[PDB]
């Protein structure tokens, strides 16, 4: 589910000591408690990856965390100031923040993987038309990892559903497999970070 870019000007820089140090600033709009929630979510990367989110000093490439419309991030390192939105009303949860930070690392939604049609059916007629593009298949760098229903990057079955009970995504051949967890990073989520950023 990683974006395909050969240059890695596209990705965060790895230091000679192996750490991928990603500078950030958090909008003054957030209270101290909200800052702590964001930084808490960032710590989830420390135990099992070489990713380190650190407060910016004066680095050129950095993440600016802002409370805008919904929860979103740019994909990968964009160069200079790049925004990541954690709306104060709907996004201040560890798993959601981790999901967004994974976008910033270069990871896309699980259901858009190039191999997705072997694991899910997209029920187009059930999807809010303006939001259907979120379900488009992409030419992803899958990093020799398999499709993971339990990925923090997988949409829930009712994501952008027009009406209750008519799901946007149905897992196949077993429709009962859970999708859409936002508790924490899956084994494959962690493995993918480590493969992409060559963490040792």
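Positions refer to the first chain, counted from 1.
Q: Tell me which stretch has the larger mean Cα B-factor in this entry, 177 to 185 or 6 to 14.
A: Comparing averages over the C-alpha atoms only gives 6 to 14.
Q: Say you rank 170, 151, 64, 69 by Cα B-factor from the PDB entry; which sits at the top?
A: Out of 170, 151, 64, 69, the record gives the largest C-alpha B-factor to 69.
Q: Hey, what third does residue 164 fall into on Cα B-factor, ranked over its chain?
A: Within its chain, residue 164 is a highest-third residue by C-alpha B-factor, going by the deposited values.
Q: Looking at the temperature factor on the CA atom of residue 20, which third of the chain's modelled residues does it land in?
A: According to the entry, residue 20 has a C-alpha B-factor in the chain's middle third.
Q: By its CA B factor, does residue 40 count among the lowest, middle or highest third of the modelled residues in the chain?
A: According to the entry, residue 40 has a C-alpha B-factor in the chain's middle third.
Q: Compared with the other modelled residues in the chain, in which third is the CA B-factor of residue 121?
A: Residue 121: CA B-factor falls in the middle third of its chain.
Q: Which third of the chain does residue 80 land in by C-alpha B-factor: lowest, middle or highest?
A: According to the entry, residue 80 has a C-alpha B-factor in the chain's middle third.
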